[PDB]
Amino acid sequence: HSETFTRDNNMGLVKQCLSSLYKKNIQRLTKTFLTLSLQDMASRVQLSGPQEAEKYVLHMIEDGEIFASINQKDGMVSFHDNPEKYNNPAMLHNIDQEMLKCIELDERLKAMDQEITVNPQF
Amino acid sequence: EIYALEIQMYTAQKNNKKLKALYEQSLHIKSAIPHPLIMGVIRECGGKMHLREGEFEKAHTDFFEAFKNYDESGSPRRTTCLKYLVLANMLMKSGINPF
Amino acid sequence: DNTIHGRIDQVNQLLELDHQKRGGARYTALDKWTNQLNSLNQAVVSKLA
Amino acid sequence: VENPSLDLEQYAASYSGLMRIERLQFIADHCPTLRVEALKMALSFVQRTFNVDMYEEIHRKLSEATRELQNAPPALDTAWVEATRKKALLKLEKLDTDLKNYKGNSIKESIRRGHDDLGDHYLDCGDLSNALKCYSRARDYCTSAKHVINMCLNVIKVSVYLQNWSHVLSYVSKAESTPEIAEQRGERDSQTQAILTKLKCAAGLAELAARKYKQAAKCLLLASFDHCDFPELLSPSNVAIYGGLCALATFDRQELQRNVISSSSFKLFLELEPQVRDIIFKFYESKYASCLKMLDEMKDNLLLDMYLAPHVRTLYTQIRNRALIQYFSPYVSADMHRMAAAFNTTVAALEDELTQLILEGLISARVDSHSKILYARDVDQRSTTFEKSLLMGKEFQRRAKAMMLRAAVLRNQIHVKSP
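Criteria and thresholds
- Residues numbered from 1 in each chain as written, not as in the entry; some residues may be left out.
- Chains lettered and ligands numbered in written order.
- Part of a larger assembly, values for the part shown.
- Heavy atoms only, no water.
- Salt bridge = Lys/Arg side-chain N within 4 Å of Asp/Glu carboxyl O.
- Helix = DSSP H or I, 4+ residues; strand = E, 2+ residues; numbered from the N terminus.
- Buried < 20%, exposed > 50% of the residue type's maximum accessible area, 1.4 Å probe, protein only.
- Contact = heavy atoms within 4.5 Å.
- Buried area = accessible area lost by both parts, 1.4 Å probe.
- Polar contact = N/O pair within 3.5 Å; in protein donor to acceptor, adjacent residues only side chain to side chain.
- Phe/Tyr/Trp six-rings, centres within 6.5 Å; stacked < 30°, edge-to-face > 60°.
- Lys NZ or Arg CZ within 6 Å of the ring centre and 35° of its normal.

As recorded in the PDB header, X-ray crystallography is the method behind this entry, and the stated resolution is 5.5000 Å.

Novice: It is not clear to me how the pattern of salt bridges should be interpreted in this structure. Could you clarify?
Specialist: Charged atoms that come close allow side chains of opposite charge to pair. Applying the stated criterion to the full structure yields 32 salt bridges over all chains. Across the salt bridge formed by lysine 68 of chain B and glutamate 65 of chain B, the nearest N and O atoms sit 3.3 Å from each other. Placement of the pair is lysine 68 of chain B and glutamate 65 of chain B together in helix 4 (residues 57-72), with a separation of 3 residues, close to one helical turn. Note that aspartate 116 of chain D and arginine 112 of chain D form a salt bridge whose closest N and O atoms lie 3.5 Å from each other. Remark: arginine 112 of chain D and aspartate 116 of chain D occur in helix 6 (residues 108-124); sequence separation between them is 4 residues, near one turn of the helix. In this pair, the class of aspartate 116 of chain D matches that of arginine 112 of chain D, namely buried. It is possible to trace a salt-bridge network through shared partners that takes in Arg44 of chain A together with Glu351, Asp352 and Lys372 of chain D.

Novice: Help me understand the arrangement of the chains, please; the structure alone is not making it clear to me.
Specialist: In this view chain A stays clear of chain B, with the nearest C-alpha atoms of the two still 43 Å from each other. At their nearest point, the C-alpha atoms of chain A and chain C are still 13 Å apart, with no contact between the two.

Novice: Even after reading the chapter, I still don't get the interface of chain D and chain C, so can you show me in this structure?
Specialist: When the parts of a complex come together, some accessible area is lost, and that lost area is often taken as the interface size. Each side of the interface is counted separately: chain D has 27 residues, and chain C has 23 residues. Together chain D and chain C conceal approximately 2300 Å² of surface at their shared face, both sides included; 57% is due to carbon and sulfur atoms. Among the residues of chain D in contact with chain C, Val332, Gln381 and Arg399 of chain D are the three that bury the most area, contributing 23% of the side total. Taken together, the connections running from chain D to chain C amount to 3 salt bridges. Salt-bridge contacts for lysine 388 of chain D lead to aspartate 31 of chain C; the nearest nitrogen and oxygen are separated by 2.6 Å. Connecting chain D to chain C are 14 residue pairs in polar contact. Per element, the largest residue contribution to the side of chain D that touches chain C is 12 residues, and it comes from helix 21 (residues 381-411) of chain D.

Novice: Help me understand the packing of aromatic side chains in this model?
Specialist: What describes a pair of aromatic rings is the distance from one ring centre to the other and the angle between the planes of the rings. Residue and element names in this part refer to chain D. All told, the structure shown has 12 aromatic pairs over all chains when counted by the stated rule. Each residue in the set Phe283, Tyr288, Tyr327, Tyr331 and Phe343 is aromatic and connected to the rest through ring pairs, giving one cluster. Positioned over the ring face of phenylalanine 251 is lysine 214, at 5.2 Å from the centre of the ring. Across from the ring centre of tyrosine 284, 3.5 Å away, lies the NZ or CZ of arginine 253, which sits over that ring.

Printed below as a string of structure tokens:
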């Protein structure tokens with residue numbers, strides 16, 4: 001259906017899904033393996049060759065889609081699998097900010113509730 | 001007293017499939033009867049098919065009553081019947097209070 | 001059968017034992033409150049349109 | 001599909017009625033080499049019990065059987081096919097008038113006696129749909145609870161050969177709670193009439209086909225050794241094979257020891273089957289290297305069985321799964337190489353085996369494929385409640401945006417009309 005897709009001038013975005021599936025495939029591995037080989041990954045992800053494996057590892061990391069790292073010496077991928085422990089101002093600030101946006105939301109609703117006050121009866 | 005001699009033959013033979021059926025049937029006949037030593041000959045062999053079976057709570061009490069029948073009359077099994085009353089209480093995993 | 005509270009590290013030939021006990025209540029209790037709000041706010045959205 | 005170690009002599013011995021013909025024909029079907037034998041044994045008993053519907057079926061296979069056996073390098077006895085046929089056809093009309101002259105008498109028990117004869121000789125001739133109805137009308141000519149049961153038992157018998165198991169269970173559910181919940185106590189301490197031992201033989205076997213292997217085990221584990229040989233449904237040598245492997249798969253370790261291994265009720269049936277007993281034991285004893293070794297080599301015979309063929313995967317695989325969980329859970333860190341030979345397979349195989357089970361199943365554990373180890377993976381409680389609270393709140397914020405705009409669009413009567 002290259003036609004049907006290219007007819008709508010959204011081909012490329014359909015091919016961005018082709019790449020996000022490769023990235024989904026690797027995203028799953030975190031849940032199963034915690035230490036895996038580049039070659040093993042290359043064979044399981046279907047990209048073929050340890051480079052193509054090592055490639056998306058870097059990119060996903062560089063971007064920040066997955067928590068992992070590489071030991072090239074052996075040629076292995078180690079999955080950190082660990083972000084943040086909610087033990088610092090880092091969250092505290094986000095906690096302050098994300099909360100203020102819910103209060104911002106309450107402020108609107110409170111004004112929107114008072115909007116209904118003045119209009120006709122029942 | 002007929003079921004006494006049936007349980008006595010199969011205790012020498014090692015037929016647990018019939019002995020189990022025999023003891024269960026010699027507890028309904030244990031009611032309508034006077035009182036001999038024989039009423040402990042079946043209880044000791046009946047407790048043996050609750051040690052074998054695993055349920056030691058139904059052997060434990062069986063070997064107390066059989067021990068008491070050898071206590072009144074002859075005691076050839078009384079010296080080895082207490083071995084099964086004590087062995088029950090330990091393997092009962094709770095008893096630990098025999099003597 | 002769950003008498004000994006523990007688990008085995010076969011590679012290291014040892015036995016780490018269950019013990020690591022902390023305030024598991026706060027987090028599990030709040031978990032529920034978090035869930036009820038999730039289903040609640042959508043019920044208020046499905047009221048209006 | 002084949003197994004050489006198979007005794008047809010025993011397979012026919014413990015069974016009778018249609019069950020002999022149904023089982024013998026399923027063996028001849030999926031098991032060749034012993035198709036030479038299996039079709040001869042169906043033929044002989046079909047020539048008894050005044051049966052042409054089955055002879056025209058069975059003997060036609062004998063021809064095509066011997067036809068394919070001449071491709072490696074009996075005759076249609078039409079003198080007999082006429083003999084049994086007119087004999088049977090007129091015996092119907094005798095029993096017809098017998099019932100019609102029992103209906104003229106107006107006796108309650110004499111008409112039910114007629115009915116039960118009609119259904120029998122229509123079963124005899126292989127006719128099921130007719131045989132079915134004879135017992136159905138016998139419900140009207142009754143008085144006692146035992147008469148409404150002694151027919152309801154037959155009602156099921158036929159609905160098994162028909163393979164409408166839904167109505168097998170509909171009339172077991174009726175027959176069970178018929179005489180005020182099985183006469184209350186069970187006829188005062190041990191009953192000569194072993195009745196519910198039959199009613200649970202069917203209630204289970206009906207569920208066996210219906211995939212509820214756990215519900216099936218509940219009905220097959222209660223099967224006491226009073227009824228033993230009931231040839232028109234299922235033998236006791238199978239009740240052990242069936243209900244044992246059923247529970248095994250869908251039962252946890254706890255209910256096993258209690259409702260399977262140390263329960264006398266079913267214990268007698270386990271004695272009968274020494275191989276089935278060993279796999280249930282070696283599972284609980286957690287000696288898995290053997291447990292599956294046994295089961296694998298039994299698979300050959302259990303497939304050729306009529307009623308244990310269609311659950312040979314969901315059971316066998318679900319047991320493997322169960323054991324794979326039970327082996328690991330106790331360990332915090334387990335060596336895969338040890339676990340490999342323990343589950344009759346390879347390291348690489350085990351790797352993928354677990355992988356699936358991690359994603360789907362309850363194997364909360366990751367894989368270290370570098371040194372080939374399996375570590376237990378437990379949850380950071382704290383992280384969890386935090387993590388989701390942010391995310392949920394962010395979802396709530398997203399919908400709040402939406403229903404604020406949605407309050408606006410309806411407030412302004414915004415929509416694209418058609419005409």
